[PDB]
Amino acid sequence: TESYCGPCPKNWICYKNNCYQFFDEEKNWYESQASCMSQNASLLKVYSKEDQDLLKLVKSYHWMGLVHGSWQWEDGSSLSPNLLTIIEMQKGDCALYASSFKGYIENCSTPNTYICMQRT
């Protein structure tokens, strides 16, 4: 059964109506967030293991929009339970995504590659 996906800009991957773009130039969390904002987007937000099962295929670790009450996303929403295994890697208030559905606590100032996400 075929269906259309998006909408998304042309250079973004579309999957279950979310749009993803990988950035390989390393930036700290704040610079990564600013980069995504300049593309009318945000850093990766993880909300569903089903809608976002493609994240099982992501290799290496990349900034997502999770920051430190509890951890929260850029949009102010809380991290849903039973989505990510949080592991402590560095003293930090930001998190990297790693497969499969892990979040590494990371110094916000450390340069990393990053994933932007859009949903119209």
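Throughout, we count residues from 1 along the sequence that is shown.
> Answer yes if residue 65 is missing coordinates in at least a third of the other compared entries, and no if every one of them models it.
Looking at the other entries that model residues on either side of it, residue 65 is present in every one.
> Deposited residues absent from the coordinates between residue 68 and residue 69, none, 1 to 3, 4 to 9, or 10 or more?
Gap between residue 68 and residue 69: 4 to 9 unmodelled residues.
> Quick one: higher average CA temperature factor, 90 to 98 or 72 to 80?
Looking at the record's C-alpha B-factors, the answer is 72 to 80.
> For the higher mean C-alpha B factor in the entry, choose 58 to 66 or 34 to 42.
Result of the comparison: 34 to 42.
> Using the B-factor values recorded in the entry, state whether the Cα atom of residue 112 falls in the lowest, middle or highest third among the modelled residues of its chain.
Ranked within chain, residue 112 CA B lands in the lowest tercile.
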